Amino acid sequence: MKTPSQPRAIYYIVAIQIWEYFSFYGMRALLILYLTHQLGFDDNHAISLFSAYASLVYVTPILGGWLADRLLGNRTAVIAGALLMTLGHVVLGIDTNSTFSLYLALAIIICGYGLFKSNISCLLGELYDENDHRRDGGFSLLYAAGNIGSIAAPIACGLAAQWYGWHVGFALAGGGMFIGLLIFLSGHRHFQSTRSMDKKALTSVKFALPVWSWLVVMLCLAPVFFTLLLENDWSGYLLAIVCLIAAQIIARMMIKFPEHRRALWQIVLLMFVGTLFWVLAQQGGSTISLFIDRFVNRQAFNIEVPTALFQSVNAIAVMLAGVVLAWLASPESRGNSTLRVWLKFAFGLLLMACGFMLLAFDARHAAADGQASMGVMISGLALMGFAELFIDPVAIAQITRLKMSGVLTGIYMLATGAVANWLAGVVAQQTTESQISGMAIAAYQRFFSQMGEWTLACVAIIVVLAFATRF
């Protein structure tokens, strides 16, 4: 007999997954351009704020996962997260001229994203029995939904912003999130099997107060906390605490499972190298977006392409590459697995190097005309997108060889997200040592040349050690 179909609720989860990824990746395409053009931030300040936001959105999902586990259930937390992200995009759209509006909106979005990101996948995993064969198709479709939304959002938001200004771009992102929420809520009759909210826990009293009122207080104060954390650039102290906690978890883990201790060190070393990779990769939305805005010739068809659209190019490059390797998946995946892993990382770093070399070459030879060339930059972005398939999938495939691999996966994603984004913001300050003179193309040319050189240095070190340890 034919296999049973996917549980119909999947298609509503997919729908919200698209629209959330639409909103999140739309705002991300506009943000640094809005900070510079509308608000008149110096590049140092804009890059700092951007990287702080990009780290906190990788930090808060742990807290929202613990909240959905202990109190809310996954469905409630998904709904609340979508409401909060909608509210924050509406706040950002309604007033484009206060800066406090910006910080408040970003804090509200960070909270809603923290409630959403983990719990949407937990809710998808709740629909299947423990040995259901459909689960892999489910999660693959959810990943495809996220890729679709990541490709689609920078185009639509960029065009809407160009034609009507930043207000309508952010309003469009929020309307996307709201559409997705209404689609999800219309499917409620299919979710009746999923875990409801723990009414007994919420009606438990802790100190003088019922727990639900502590959630009300938290809903009020957490946006204030994150607003102050962003406005003062204090996110680094939180990131340091998170890193210290993760290090303690790993150390206790090293004691508890000494028969796997050396394997754990391999994962640690992977966490290091992948973090450095993502530092480079996170130049994509910050320094490279400013370079494209300022110094690339974007004229075509007697039209000018909005810089935000080039953020979609990366996503296309990732998705296409994902297909091709899937088209070419082959039984040669055997033998010295650790050496193969390290050579995959070396190849990804090499592709990242080539991307930065193409950007540096373009920014140098622009001097023949005065502006850089769209095709060489596009090629760099494409190569940088392709590089991403050889890092995180190989790392998670290596981690998932162990038990306890969910916590190590969480720690790996926390490092390569939050730490890599904060370090990317720190590194990007090297583009802006020449504040007094004004920005010039030579500063980006130096930055890209240095990034290429360091990438090839890391490639050489990895390859040399990996082969020297074979003999």
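Position one of the sequence shown corresponds to residue 1 (the authors' numbering), numbered consecutively onward. Using N, Cα and C, we set each Cβ at its ideal position, and we do this for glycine too.
Across the set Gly112, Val426 and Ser312, the C-alpha of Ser312 shows the shortest separation from the C-alpha of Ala29. For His167, the uninterrupted alpha helix (DSSP H) run begins and ends at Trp166 to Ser186, by DSSP. The Cβ atoms of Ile249 and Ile391 lie no closer than 8 Å to each other. The C-beta separation of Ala9 from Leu127 comes to about 6 Å, placing the pair in contact by the 8 Å criterion. Within the DSSP bridge table, the entry for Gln299 names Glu304 as partners. If the five residues before and after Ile245 are omitted, its C-beta is found closer than 6 Å to no C-beta atom of its own chain. Contact holds between the region 299-312 and the region 148-160, because three or more Cβ pairs, one in each stretch, are under 8 Å apart. In the three-state reduction of the DSSP assignment, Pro331 falls in the coil class. Contact annotation: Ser235 and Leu56 have beta-carbon atoms nearer than 8 Å.
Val394 is a Cβ neighbour of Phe345, given a cutoff of 8 Å. Take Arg298, set aside five residues on each side of it, and the residues of its chain with a beta-carbon closer than 6 Å to its own are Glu304 and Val305, in chain order.
Using a 10 angstroms sphere on the CB of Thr76, the tally of other CB atoms reaches 16 or more, which defines it as buried. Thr36 is the residue among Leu49, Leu215, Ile267 and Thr36 whose C-alpha sits nearest the C-alpha of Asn97. DSSP places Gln450 inside the alpha helix (DSSP H), whose first and last residues are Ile441 to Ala468. In the three-state reduction of the DSSP assignment, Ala208 falls in the coil class. Scanning the region 30-85 from its first residue to its last, the whole alpha helix (DSSP H) runs of 4-plus residues come out as 43-67.
Annotated as distal: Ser150 and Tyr58, with beta-carbon spacing of 8 Å or more.
Here the C-alpha atom of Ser121 lies approximately 13 Å from the C-alpha atom of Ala144. Per DSSP, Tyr103 is one residue of the alpha helix (DSSP H) stretching across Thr99 to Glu126. Between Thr431 and the set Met451, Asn421 and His190, the nearest pair of CA atoms involves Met451.
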